[PDB]
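Below, each chain spelled out in residue letters.
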Amino acid sequence: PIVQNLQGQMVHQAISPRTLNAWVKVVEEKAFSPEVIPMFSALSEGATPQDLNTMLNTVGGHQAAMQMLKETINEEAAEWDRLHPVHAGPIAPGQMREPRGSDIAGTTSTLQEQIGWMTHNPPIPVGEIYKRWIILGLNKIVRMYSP
Amino acid sequence: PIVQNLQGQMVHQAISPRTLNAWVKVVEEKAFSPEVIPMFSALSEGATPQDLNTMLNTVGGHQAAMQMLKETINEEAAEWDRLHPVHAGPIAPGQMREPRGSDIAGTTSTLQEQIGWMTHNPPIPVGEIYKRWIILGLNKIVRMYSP
Amino acid sequence: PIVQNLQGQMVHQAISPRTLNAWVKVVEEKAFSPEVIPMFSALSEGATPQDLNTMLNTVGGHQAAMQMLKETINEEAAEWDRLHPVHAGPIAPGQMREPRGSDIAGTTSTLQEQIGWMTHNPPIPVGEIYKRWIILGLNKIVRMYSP
Amino acid sequence: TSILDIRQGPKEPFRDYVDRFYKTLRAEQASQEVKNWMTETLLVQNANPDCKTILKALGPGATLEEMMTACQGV
Amino acid sequence: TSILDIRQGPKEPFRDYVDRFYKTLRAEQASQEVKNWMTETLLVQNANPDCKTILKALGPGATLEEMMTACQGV
Amino acid sequence: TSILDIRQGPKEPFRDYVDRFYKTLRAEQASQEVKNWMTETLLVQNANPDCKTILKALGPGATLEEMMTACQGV
């Protein structure tokens, strides 16, 4: 995640193993139950896309759901690209590039790039955009997996 | 591993016992399952070759796989040496030596040497080169150990 | 152990209880298995002789092996004294004394003395000398305790 | 076990089968285009006659929530 | 137990035997060249007739995934 | 399970039923106004005759502690 250091700057720090394991354990115990979404939200505080793929990729089991989510993440990403067209002409030397759906999904962007966008002024909340897609896709799952 | 200190420099710090034990426990529980690879990747964040041999050497059980991996690590290392020939003439006093496959595997290099290469400017990502060999060799194993 | 403080000096800090207990638990679970040696090596990072006797003395069970090790430690120590004779004439006021096998085994030296040797410039690696004796004696045990 | 050996039982819920499919698909390392081909093809083909019948009625263009809710009573 | 005493059962899967071999090989401390010699030699020699037959057909140059998949039905 | 399928048993305490209702209501994502409509309507409607009778006597304007204490002996 990207956290604020004592000095008063935003720097990246790694997520903790008993945080990781707590994510694992939630999924083990409460599967598709709604409490998973606030839980997720708390444990995703200050998290990167990269950390969010890590969390999704480290799941075991419920592979039908994991595939449905993936496909929702790509749909929501396809929709990001649709709604926000690429911008006019070449990229400025003085500036950094606008993200695509795949940069938001973490796929085409690097960590330093993910830190550029979030730490820069104005900052862009690529975590929160992926977060809604995850929560939206979580609703899809919850609604389906209701019996 | 080699971590950033508060002062703002990269220094080596030892890996933690409940990190070690978490590596052990993953292997105990999920054996050759694919979730082992993201898991590995997270726990190998900022890790040295030396720490990576430590993790491989501390395995118990699955010795056929451990041998297949070793032999993959040496093949990938042999390939490093092939692709990257040694450089022209004697080594400069002002400079430090280029790595071989065995320095990447941690075998012929010392820790201070592993810290020289990674901390120096430009830095060389000898962890990430070994990491791909490990992940590649992990694919070999996963594919074989599928039933 | 002797660790580096934030200020940038080497100071002694005590070893942790869940480190201690992790040493205990390894021995409980994996007895004479080879994974014990890398495991030992990691948990002995930055350790003193004094801490190494603490670890050996805190064992329960496998007393035939514990005696074989002791006797290996004394043999290796006797050999240290043989190979390295005492030096010419009286000890200088400006200098500190050279170690013997028993100082390496921690027996005749005090902690402050163990910190003098390791922290001083040049430093002498009395941990690493005992460590080889432990690892050598571990090979003896492993080879015997193979069935 | 090979991906071709993944098939739906005569009493096995589709759901439990689809889970098995993307687990085994999870151990296939092929190009995405090939894996798309496997998805639309092999899944339905090794599906049981009762659900197979059901899935034929969904037509093409169908997505996983609709397939998964379509073969639920079967 | 000595490395020469490691042998494959008449009903024991090779796989379970190869695991035993690199565990015992893991407690041998010999030069790498000698341990290479042990690998190509002793493993096949104490392998059972049915798999032994199989392994003779792989020829030389063979690697562990191919040996391990070769004696799977045996 | 759908919210319409939530009903009170003939021997089931209302309390255990009301818990089931706001759990399933917890998995409905509808506008608050619709969920208010569901509250005043569906809860009583699928309540058992003995308690249903009781709840009719509370009249309208009633709140959950009073409903919950009202159908306690039933």
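Residues numbered from 1 in each chain as written, not as in the entry; some residues may be left out. Chains lettered and ligands numbered in written order. Part of a larger assembly, values for the part shown. Heavy atoms only, no water. Residues with missing side-chain atoms left out of burial classes, pairs and counts.

Header annotation of the entry names cryo-EM as the structure determination method and lists the resolution as 8.4 Å.

A word on the overall build of chain A
When its secondary structure is counted, chain A shows seven helices and two strands. The secondary structure elements of chain A, listed N-terminal to C-terminal, are β-β-α-α-α-α-α-α-α. By its C-alpha atoms, chain A is 55 × 40 × 20 Å across when sized along the principal axes. (Helix = DSSP H or I, 4+ residues; strand = E, 2+ residues; numbered from the N terminus.)

Digging into the overall build of chain D
Scanning chain D from N- to C-terminus turns up four helices and zero strands. Written out in order from the N terminus, the α and β elements of chain D read α-α-α-α. Scaling as 2.2 N^0.38, a compact globule of 74 residues should have a C-alpha radius of gyration of about 11 Å, and chain D matches this with 12 Å. The C-alpha extent of chain D, read off along each of the three principal axes, is 35 × 25 × 15 Å. (Rg over C-alpha atoms; globule rule 2.2 N^0.38 Å.)

Re unusual backbone geometry
All names here are of chain A. Between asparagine 121 and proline 122 the backbone carries a cis peptide bond, its omega angle lying at -10°. Relative to the helices and strands, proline 122 is located in the loop between α6 (111–119) and α7 (126–145). Phi angles above zero are rare outside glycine, and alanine 31 is one such case at about 45°. Relative to the helices and strands, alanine 31 is located in the loop between α1 (17–30) and α2 (36–43).

Description of the arrangement of the chains
For the non-touching pair chain A and chain C, the nearest C-alpha separation works out to 15 Å. Where chain C comes nearest to chain F, the C-alpha atoms are still 42 Å apart, and the two do not contact one another. (Contact = heavy atoms within 4.5 Å.)

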